[PDB]
A.B. asks: 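My questions will all concern the structure given below.
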Amino acid sequence: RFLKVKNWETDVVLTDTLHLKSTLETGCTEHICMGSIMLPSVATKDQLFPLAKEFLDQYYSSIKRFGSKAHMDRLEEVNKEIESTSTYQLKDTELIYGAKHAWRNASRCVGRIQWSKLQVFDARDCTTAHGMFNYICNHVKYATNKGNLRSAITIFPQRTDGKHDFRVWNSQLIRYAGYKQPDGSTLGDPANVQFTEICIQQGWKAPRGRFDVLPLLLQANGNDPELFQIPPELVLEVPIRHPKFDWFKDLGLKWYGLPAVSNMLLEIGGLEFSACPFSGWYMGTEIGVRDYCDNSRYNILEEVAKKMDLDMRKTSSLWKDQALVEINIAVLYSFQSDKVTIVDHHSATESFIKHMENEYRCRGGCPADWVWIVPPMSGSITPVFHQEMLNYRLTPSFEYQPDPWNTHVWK
Ligand code: HEM
Ligand SMILES: Cc1cc(N)nc(-c2cc(CNCCF)cc(F)c2F)c1
Ligand SMILES: C[C@H](O)[C@H](O)[C@H]1CNc2nc(N)[nH]c(=O)c2N1
Ligand SMILES: [Zn+2]
């Protein structure tokens, strides 16, 4: 019941008891495991007080005043507001706690060692898409911090009826555009081609190039979303060069500094925040391996292989592997030489093991998704490969939600 997880590099073992506080479900049964399924599987007032109660109890436990007069009255108070409004409102304190802990509990995040250093921007007074643009802009500018990136989150008004949702329709605040071609192939980011057509559908005038920064599509209080372009001076980009291969610049690649997921759902005390964009800094691989070398993304192994002169006739020459290592030395070097915050897959996976050590110490566990924690290259020469990890769902939590253009009632 109180399980053991081992590291097969270090022979270290840690006992996980935190999984007893697990509430949600995984998709695995006693007879099947789904830990490589990517995305497995209104809210009334009866269900809402249990969730509020459990959240308020761990928050008051947290500040070392478990069950004091404050906790008692704040429970009675929240119950009364759930009778009255069939919902309730978080204190600013409770919002910042819930947000930091949704991160803390994000089992697919390797960077969680920083979970307590998180800047929460309360945008629950927002009422318009224009006010969303403004709140998002100061988030970008603050978290970019002249390349010295800072972790942040901007939390928009919580969901109420369900047809009055605040949604950023973008999947990340800053992404490059996707255009297919007359000949069928694709310029820019093939991941984004449907979205880019939607922005163009709403009148975005496309500069039909490669690294075209998409505009924000912002829906406020359930209304039809509206286009706003982040001022370019606020979008920091890093030009990729190599420390050795001076033909690297001719490749003409570049990436934005700021990873900022905008399409997910934040859950606190059973209250649901449909718009909650959050940013940190990049681990090198997401750019070098996934963005640049996914077959369905930028797909540059083709060219980098050529300009090195590699044996591309044979699959077993590992020309793909060699060209992948060079690409990731260049992303890191480019980011580091401009003092833009970035972490390399060795330094970040080592911190996660350290973070894991602390979590099992002062919390009794650490949800973790091995399928996602292992970097997408050099797997077993990173220590997380060798670390058994228990996955389970704690709350407060970040959750996936459907793309808004499949649900939205539109006119
Ligand atoms: C501080 C620097 C951070 C680093 C280095 C980092 C690193 C990463 C990486 C490499 C991934 C895998 C992304 C992918 O493959 O799609 C990831 C996922 C994730 N990150 Fe972190 N992150 C950071 C900050 C944050 C913050 C501030 C939050 C939220 C408050 C967060 C929440 C998440 C969540 C919920 C996931 C999994 C959900 C998903 O991407 O599908 N991270 N992170
Ligand atoms: C806060 C944060 C830190 C970091 N290092 N990466 C990301 C990050 C996450 C995603 C999407 N994750 C769901 C994929 F469907 C995409 C990106 F392009 C990212 F950059 C986010
Ligand atoms: C099939 C599998 O679930 C899918 O490729 C996952 C594997 N692990 C991943 N890990 C990270 N960090 N990011 C991803 O997109 C994925 N994709
Ligand atoms: Zn499983």
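Heads up: numbering here begins at 1 and tracks the sequence. Every heavy atom of this structure was used, including side-chain atoms; hydrogens, water molecules and symmetry mates were not.
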A.B. asks: Would the number of heavy atoms belonging to other residues, nucleotides or ligands and lying under 6.0 Å from CD of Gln181 be above 12?
C.D. replies: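 Yes.
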
A.B. asks: How close do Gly288 and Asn328 get, counting heavy atoms only, and between which atoms?
C.D. replies: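 Nearest pair, atom of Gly288 first, then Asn328: CA-OD1, 3.2 Å.
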
A.B. asks: Can any side-chain N or O of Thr349 pair as donor or acceptor with the backbone N or O of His345 at less than 3.5 Å?
C.D. replies: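 Side chain of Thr349 to backbone of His345, a donor-acceptor pair under 3.5 Å: yes, one is there.
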
A.B. asks: Any donor-acceptor pair under 3.5 Å linking the side chain of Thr85 with the backbone of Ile82?
C.D. replies: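 Checking the backbone N and O of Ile82 against the side chain of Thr85, no donor-acceptor pair under 3.5 Å is found.
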
A.B. asks: Between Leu301 and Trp319, which heavy-atom pair has the shortest distance, and what is it?
C.D. replies: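 Smallest interatomic distance, heavy atoms only, reads O-CZ3, 3.8 Å.
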
A.B. asks: Whether the side chain of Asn7 engages the backbone of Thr10 through a donor-acceptor N/O pair (distance < 3.5 Å, no angle test) should be reported.
C.D. replies: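 Between the backbone of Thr10 and the side chain of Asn7 there is a qualifying donor-acceptor contact (under 3.5 Å).
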
A.B. asks: For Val5 and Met389, what are the C-alpha separation, side-chain angles and deciding distance, and is it a side-chain contact (heavy atoms from CB on, under 4.5 Å)?
C.D. replies: CA-CA 6 Å; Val5 312; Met389 298 164 184; over 6 Å; no

A.B. asks: Given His71 and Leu56, is the side-chain contact (heavy atoms from CB on, under 4.5 Å) satisfied, shown in steps?
C.D. replies: CA-CA 7 Å; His71 180 21; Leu56 283 196; 4.3 Å; yes

A.B. asks: Between the side chain of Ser274 and the main-chain N/O of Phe166, is any donor-acceptor distance below 3.5 Å?
C.D. replies: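 Side chain of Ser274 to backbone of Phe166, a donor-acceptor pair under 3.5 Å: yes, one is there.
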
A.B. asks: Count the heavy atoms belonging to other residues, nucleotides or ligands that lie under 6.0 Å from NZ of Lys45, then report whether that count exceeds 12.
C.D. replies: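 Incorrect, the count does not exceed 12.
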
A.B. asks: Looking at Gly147 and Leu236, what are the two nearest heavy atoms and their distance?
C.D. replies: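 For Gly147 versus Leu236, the nearest heavy atoms are CA-CD2, 3.8 Å.
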
A.B. asks: Rounded to the nearest 0.5 Å, what's the gap from CD on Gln322 to CD1 on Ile327? Could you check?
C.D. replies: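 Going from CD on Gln322 over to CD1 on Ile327, the span is 12.0 Å.
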
A.B. asks: Please round to the nearest 0.5 Å and tell me the distance separating atom OG of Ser262 and atom CD1 of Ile174.
C.D. replies: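 So the OG of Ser262 and the CD1 of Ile174 are separated by 10.0 Å.
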
A.B. asks: Between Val168 and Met132, is any pair of side-chain heavy atoms under 4.5 Å apart?
C.D. replies: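 In contact.
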
A.B. asks: Check the orientation of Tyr298 and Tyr292. Use parallel for under 30°, tilted for 30 to 60°, and perpendicular for over 60°.
C.D. replies: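 Ring orientation of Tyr298 relative to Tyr292: perpendicular.
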
A.B. asks: So, do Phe273 and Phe156 sit near enough that their side-chain heavy atoms are less than 4.5 Å apart?
C.D. replies: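 No, every pair of side-chain atoms sits at 4.5 Å or beyond.
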
A.B. asks: Can you confirm whether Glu302 is buried at CD, in the sense that more than 12 heavy atoms of other residues, nucleotides or ligands lie under 6.0 Å from that atom?
C.D. replies: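 Open.
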
A.B. asks: Are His139 and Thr154 close enough, and set up right, to give a side chain to side chain donor-acceptor pair (under 3.5 Å), and what steps lead you there?
C.D. replies: CA-CA 7 Å; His139 173 141; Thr154 297; 2.8 Å; yes

A.B. asks: Knowing that exactly one of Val120, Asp122, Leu90 qualifies, which makes a side chain to side chain contact (heavy atoms under 4.5 Å, CB included) with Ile155?
C.D. replies: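 Only one of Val120, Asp122, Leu90 forms a side chain to side chain contact (heavy atoms under 4.5 Å, CB included) with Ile155, namely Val120.
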
A.B. asks: For a 4.5 angstrom cut-off between non-hydrogen side-chain atoms, does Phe66 reach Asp57?
C.D. replies: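 A side-chain contact under 4.5 Å exists here.
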
A.B. asks: Answer yes or no: is there a side-chain heavy-atom contact under 4.5 Å between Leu251 and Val304?
C.D. replies: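 With C-beta onward as the side chain, the pair touches.
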
A.B. asks: One pair to check against salt bridge (charged side-chain N to carboxylate O under 4.0 Å, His left out): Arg124 and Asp92. What are the steps and the verdict?
C.D. replies: CA-CA 10 Å; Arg124 293 174 297 161; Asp92 290 327; 3.2 Å; yes

A.B. asks: More than 12 heavy atoms of other residues, nucleotides or ligands under 6.0 Å from NZ of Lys180: yes or no?
C.D. replies: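 Counting neighbours around NZ of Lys180, 12 or fewer heavy atoms of other residues, nucleotides or ligands fall under 6.0 Å, so no.
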
A.B. asks: What class does the angle between the rings of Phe55 and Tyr59 fall in, given that below 30° is parallel, 30 to 60° is tilted and above 60° is perpendicular?
C.D. replies: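 Parallel: the ring planes of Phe55 and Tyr59 meet at under 30°.
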
A.B. asks: Is the count of non-hydrogen atoms from other residues, nucleotides or ligands lying under 6.0 Å from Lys307 atom NZ greater than 12?
C.D. replies: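 Counting other residues, nucleotides and ligands, NZ of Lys307 exceeds 12 neighbours.
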
A.B. asks: May I ask you to test the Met356-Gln387 pair for a side-chain heavy-atom distance under 4.5 Å?
C.D. replies: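 Yes. Closest side-chain heavy atoms under 4.5 Å.
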
A.B. asks: Check whether any side-chain N or O of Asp294 sits under 3.5 Å from a backbone N or O of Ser296 as a donor-acceptor pair, and report yes or no.
C.D. replies: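 Answer holds: no.
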
A.B. asks: Quick check: does any side chain N or O of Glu303 sit under 3.5 Å from a backbone N or O of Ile300, one acting as donor and the other as acceptor?
C.D. replies: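 Side chain of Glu303 to backbone of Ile300: no pair is present.
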
A.B. asks: Would you name the heavy atoms of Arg297 and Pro190 that are closest together and state the gap between them?
C.D. replies: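 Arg297 and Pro190 have their closest heavy atoms at O-CG, 3.6 Å.
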
A.B. asks: Which atom pair, heavy atoms only, marks the closest approach of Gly131 to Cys126?
C.D. replies: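 Nearest pair, atom of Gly131 first, then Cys126: C-SG, 3.4 Å.
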
A.B. asks: How far does CG of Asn223 sit from OG1 of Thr128, to the nearest 0.5 angstrom?
C.D. replies: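 It comes to 10.0 Å.
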
A.B. asks: Is the backbone N or O of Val140 less than 3.5 Å from a side-chain atom of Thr144, with the two atoms forming a donor-acceptor pair by type?
C.D. replies: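 The answer is yes, because a donor-acceptor pair under 3.5 Å joins these two groups.
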
A.B. asks: Would you name the heavy atoms of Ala323 and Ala305 that are closest together and state the gap between them?
C.D. replies: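 In terms of heavy atoms, the two residues are closest at CB-N, 4.1 Å.
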
A.B. asks: Can you tell me if CE on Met34 sees more than 12 non-hydrogen neighbours from other groups inside 6.0 Å?
C.D. replies: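 Yes, enclosed.
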
A.B. asks: How many angstroms lie between atom CD of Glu81 and atom OG1 of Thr87, to the nearest 0.5 angstrom?
C.D. replies: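 Here the interatomic distance stands at 7.0 Å.
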
A.B. asks: How about CG on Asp309, more than 12 heavy atoms from neighbouring residues, nucleotides or ligands closer than 6.0 Å, or not?
C.D. replies: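 No, because the 6.0 Å sphere around CG of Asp309 holds 12 heavy atoms or fewer from other groups.
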
A.B. asks: Within 45° of the axis and under 6.0 Å from the centre of the six-membered ring of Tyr176, does NZ or CZ of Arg210 qualify?
C.D. replies: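 No.
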
A.B. asks: Regarding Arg104 and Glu359, does a basic nitrogen lie under 4.0 Å from an acidic carboxylate oxygen?
C.D. replies: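 A salt bridge is present here (some side-chain N lies under 4.0 Å from a carboxylate O).
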
A.B. asks: Side-chain contact, heavy-atom cut-off 4.5 Å: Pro40 with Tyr400?
C.D. replies: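 No, every pair of side-chain atoms sits at 4.5 Å or beyond.
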
A.B. asks: I'd like to check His130 versus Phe228 (side-chain heavy atoms, cut-off strictly below 4.5 Å). Are they in contact?
C.D. replies: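 Yes, close enough: below the 4.5 Å cut-off.
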
A.B. asks: Is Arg74 paired with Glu77 through a side-chain N to carboxylate O contact shorter than 4.0 Å?
C.D. replies: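 Result for this pair is yes, salt bridge flagged.
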
A.B. asks: Assess whether salt bridge (charged side-chain N to carboxylate O under 4.0 Å, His left out) is satisfied between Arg208 and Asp212, documenting all intermediate values.
C.D. replies: CA-CA 7 Å; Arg208 287 201 135 68; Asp212 297 2; over 6 Å; no

A.B. asks: Give a yes or no on whether the backbone of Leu217 and the side-chain of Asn170 come within a donor-acceptor separation of less than 3.5 Å.
C.D. replies: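 Here the side-chain-to-backbone pair exists.
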
A.B. asks: Would you call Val261 and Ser171 a side-chain contact if the rule is heavy atoms closer than 4.5 Å?
C.D. replies: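 No, too far: nothing below the 4.5 Å cut-off.
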
A.B. asks: Among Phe398, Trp103, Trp115, which residue meets the ring-ring contact (aromatic ring centres under 6.0 Å, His included) test with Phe278?
C.D. replies: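 Answer to the ring-ring contact (aromatic ring centres under 6.0 Å, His included) test with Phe278 among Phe398, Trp103, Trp115: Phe398.
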
A.B. asks: Would you sort out whether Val13 and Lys6 count as a side-chain contact (heavy atoms from CB on, under 4.5 Å), showing the intermediate values?
C.D. replies: CA-CA 4 Å; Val13 188; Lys6 179 167 170 175; 4.2 Å; yes

A.B. asks: Hydrogens and angles aside, do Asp224 and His408 bring a side-chain donor and acceptor to less than 3.5 Å of each other?
C.D. replies: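 Side-chain D/A pair, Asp224 to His408: present.
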
A.B. asks: When you look at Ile153 and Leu266, which way does the side-chain contact (heavy atoms from CB on, under 4.5 Å) test go after all the steps?
C.D. replies: CA-CA 10 Å; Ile153 180 170; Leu266 172 51; 4.1 Å; yes

A.B. asks: Under 3.5 Å, side chain of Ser351 to main-chain N/O of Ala348, donor-acceptor pair present?
C.D. replies: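 Answer holds: yes.
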
A.B. asks: Parallel, tilted or perpendicular: which one describes the rings of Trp204 and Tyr179, with boundaries at 30° and 60°?
C.D. replies: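 Ring orientation, 0 to 90° scale: parallel.
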
A.B. asks: Assign the ring pair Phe195 / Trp405 to parallel, tilted or perpendicular, where the plane angle (0 to 90°) is split at 30° and 60°.
C.D. replies: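 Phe195 vs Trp405 ring planes: tilted.
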
A.B. asks: Working to the nearest 0.5 Å, report the span between CG of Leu258 and CZ of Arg150.
C.D. replies: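 So the gap between those two atoms works out to 11.5 Å.
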
A.B. asks: Going from OG1 on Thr17 to CZ on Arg1, what distance comes out if it is rounded to the nearest 0.5 angstrom?
C.D. replies: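 One finds 10.5 Å between OG1 of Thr17 and CZ of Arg1.
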
A.B. asks: Hey, does the side chain of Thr382 reach the backbone of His346 with a donor-acceptor pair shorter than 3.5 angstrom?
C.D. replies: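 It does not hold such a pair.
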
A.B. asks: Might you confirm whether atom CD of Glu350 has over 12 heavy atoms from other residues, nucleotides or ligands at distances under 6.0 Å?
C.D. replies: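 Atom CD in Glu350 is not packed in, count stays at 12 or less.
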
